[PDB]
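What follows is calculated from the coordinates using simple rules that are stated; it is not laboratory data. Ideal geometry is used to build each Cβ from the backbone, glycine not excepted, and the neighbour counts take in all protein chains shown.
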Amino acid sequence: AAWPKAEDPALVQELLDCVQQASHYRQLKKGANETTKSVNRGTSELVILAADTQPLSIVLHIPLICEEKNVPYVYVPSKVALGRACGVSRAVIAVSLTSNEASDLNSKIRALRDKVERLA
Amino acid sequence: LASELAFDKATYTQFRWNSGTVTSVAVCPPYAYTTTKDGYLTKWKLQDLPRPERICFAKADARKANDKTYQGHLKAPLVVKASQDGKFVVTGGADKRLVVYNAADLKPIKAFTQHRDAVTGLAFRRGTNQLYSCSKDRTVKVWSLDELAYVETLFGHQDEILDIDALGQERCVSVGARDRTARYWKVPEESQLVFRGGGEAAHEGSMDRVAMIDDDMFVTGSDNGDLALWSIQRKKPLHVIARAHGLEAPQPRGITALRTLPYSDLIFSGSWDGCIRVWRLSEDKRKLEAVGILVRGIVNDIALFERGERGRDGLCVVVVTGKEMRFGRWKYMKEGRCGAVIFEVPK
RNA sequence: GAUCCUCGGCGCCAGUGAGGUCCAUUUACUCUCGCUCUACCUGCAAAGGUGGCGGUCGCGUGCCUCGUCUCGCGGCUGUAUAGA
């Protein structure tokens, strides 16, 4: 069910790096429930999930509402890599990252979901 | 002294105790220390070959005072490393702090609070109590432990720092957390010599552990199973070897422990695969072959010994596994405890 | 087909997002292995007096070597790697 699977040749790495930079700019909603709140409230600019979920059904619900809100989603293959990409000390299973009016981070979100649009 | 040791005859020992969480190790030849997330810094004892268990410990206190340098901590320590003489013990952690004090009765006298996130790595200079303390505010500070005074801060870390190794000269090899960069400190002239990786079946997300074999080259371990030697002479890697602890759609398991023998060619690298993995530097001193495989749980930290006498035949080395990883509990396993697998290499 | 109020009885109650539990210095819990004194006993168990192997001082010194090694009696009290 991971048909937007991100490729380990550095697209995963740019995803997790932009996760970390958004974590340092506090633009980051972590975990599946808070990701779901950000997508349902429409604050979300991009959303990554983790395909290393042991039952992946517990994150399969957010591609629905991301298709409804028309925000790009993409899966990285490790919730541990996403977890310390956030800086959490636990495994983050699905992360959402928003934006503001003016930031270089918002530019990096723009180019990043341009690459996600090249996937989907 | 790689092939002058017999890996196939290793005499191991699996000691465990109650706290279940153990994080690091500190040798004081021979006296071994540990640090457990229950809050313990244990002085335990091993010496005689032809077995001893432990003597004493200290507790991290939930003590609501402010700028207090006494015996009270605030929170559990993370890593510990002990002096070459045997006259100072120092630790630091997510109580945002160090303490340094007498190693015999183990009563904390100085709590250094100059760092401001968490003290995530610690090393010495050999033969001198010049201390290097590297911390989660992505900095590395250097201490004059002769006065227990503060010396200098250093900067250049792109990301939250992760580990330091240092030797008898005023120099360091640090690692940043995710930035794929080992960072070679010229301490007196406060310069730095940046060695970045970018291994190119995962690519290098983070770069976990570091070890200096000598004053000319070193080795770093990344979380994609890439183990890399680096010459100080050259910006490129001296060697990169891939999938250092097997796979687990599967992914290479990352290196969680690396420590080498100084002025030697013996590389000690472990993971959550359960098997310790000893490497050697090759005869060309440029490449790397397999001196081989040699328990349960996910190995956080690892130590060193030697026979050290006129003979110098047969090492001793403990792995200090634990159930989780060392700073955060991103991965949990039922296997391992607060343990110590002392395996001794004969000949 | 009246609706609501009053008086009864019977039930019953939004957000956020990374912190949180114990408290001088202990030794988790279970299974196996090894068990540093022995004997006579005042002795039913269990505790004390004494003897073999001791072990330490004082002394006689034995010694084809007058040191080390074969020993003994007189004040005392047991201790080996010791736990895997």
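Here are some notes:
- Normalised Debye scattering of the stretch B:32-102 at q = 0.16 Å⁻¹ gives log10 I(q)/I(0) of -0.58, counting only Cα atoms as equal scatterers and leaving out solvent.
- Whole-Å semi-axes of the ellipsoid equivalent to the stretch A:52-120 (Cα gyration tensor, √5λ, descending): 22, 17, 11
- Using alpha carbons only: equivalent-ellipsoid semi-axes of chain B, gyration tensor based, whole Å: 28, 24, 20
- Ordering B:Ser83, A:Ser103 by the number of other Cβ atoms within 10 Å of each residue's own Cβ, fewest first, gives A:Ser103, B:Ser83.
- Taking trypsin sites (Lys or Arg not before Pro) in DSSP loop conformation with at most 16 other Cβ atoms inside 10 Å as exposed sites, chain A has its longest uninterrupted site-free stretch at A:42-120.
- By other beta-carbon atoms within 10 Å, ranking B:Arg125, B:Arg63 with the fewest at the front produces B:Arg63, B:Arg125.
- Projected label distance in nm at B:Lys236 and A:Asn33, using a 7 Å step from Cα toward the beta-carbon: 5.2 nm
- Shape annotation for the stretch A:1-71: C-alpha extents along the principal axes are 28, 27, 21 Å, from largest to smallest.
- At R0 = 51 Å, FRET efficiency that the Cβ-Cβ distance of B:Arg16 and A:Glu101 yields, to 0.05: 0.35
- DSSP-assigned coil residues among GluC sites (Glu not before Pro) in the stretch B:160-190, each with at most 13 further Cβ atoms within 10 Å: B:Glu189, B:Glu190
- The stretch B:17-172 - convex hull of alpha carbons, volume per residue in Å³: 116 Å³
- Label sites at B:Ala65 and A:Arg41, each approximated as a point 7 angstrom past Cα along Cα to Cβ, lie 4.3 nm apart.
- For the stretch B:213-313, the extents of the C-alpha atoms along the principal axes are 49, 34, 19 Å, listed from largest to smallest.
- For the stretch B:12-25, putting each phi into the Karplus relation 6.51 cos²θ - 1.76 cosθ + 1.60 with θ = phi - 60° gives couplings of 9, 7, 10, 9, 10, 8, 7, 6, x, 10, 3, 10, 9, 8 Hz, in residue order, rounded to whole numbers and with x for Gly and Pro.
- Taking amide H atoms as placed 1.01 Å from N in the peptide plane, the amide H of B:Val90 lies under 5 Å from those of B:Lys81, each 5 or more residues away in sequence or on another chain.
- Once the gyration tensor of the Cα atoms in the protein assembly as shown is diagonalised, the equivalent ellipsoid follows with semi-axes of 38, 25, 22 Å, ordered largest first.
- Unsatisfied cross-links (Cα-Cα over 31 Å) in the set A:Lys5/A:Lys29; A:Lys29/B:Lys110; B:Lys43/B:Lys285; B:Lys81/B:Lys323; B:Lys285/B:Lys334: A:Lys29/B:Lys110; B:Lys43/B:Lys285; B:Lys285/B:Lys334
- Separation of the stretch B:71-107 from the stretch A:1-19 is 41 Å, based on Cα centroids.
- Look at where the Cα atoms of the stretch B:238-266 and of the stretch B:18-52 average out, and the two centres are 25 Å apart.
- Computed over the stretch B:1-58, the ratio Rg/Rh where both radii use C-alpha atoms and Rh is Kirkwood: 1.04
- Chain A - share of DSSP beta bridges that are antiparallel (%, nearest 5): 60 percent
- Sites matching GluC sites (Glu not before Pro) across the stretch A:1-106 that sit in DSSP coil, with at most 13 neighbouring C-beta atoms within 10 Å: A:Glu7, A:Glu101
- Debye, to nearest 20: dipole size of the protein assembly as shown, +1 on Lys, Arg Cβ, -1 on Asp, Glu Cβ: 1140 debye
- GNM remark for chain A: springs join alpha carbons under 10 Å apart, and the peak mean-square fluctuation among A:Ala102, A:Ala51, A:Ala85 falls on A:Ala102.
- Computed from the Cβ-Cβ distance with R0 of 35 Å, the FRET efficiency linking A:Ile58 to A:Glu117 stands at 0.85.
- Our coupling estimate for the stretch A:13-21, obtained by passing each phi through the Karplus curve with A = 6.51, B = -1.76, C = 1.60 and θ = phi - 60°, is 5, 6, 4, 5, 5, 6, 4, 5, 5 Hz, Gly and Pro reported as x.
- Among B:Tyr332, A:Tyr25, sorting on how many other beta-carbon atoms sit within 10 Å of each Cβ, with the fewest leading, yields B:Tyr332, A:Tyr25.
- Derived scalar couplings between HN and Hα for the stretch A:6-12 equal 6, 8, 3, x, 6, 6, 4 Hz in order, rounded to whole Hz, by the Karplus curve 6.51 cos²θ - 1.76 cosθ + 1.60 (θ = phi - 60°), x for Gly and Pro.
- Residues with amide H under 5 Å from that of A:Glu45, placed H, sequence gap 5 or more: A:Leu97, A:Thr98, A:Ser99
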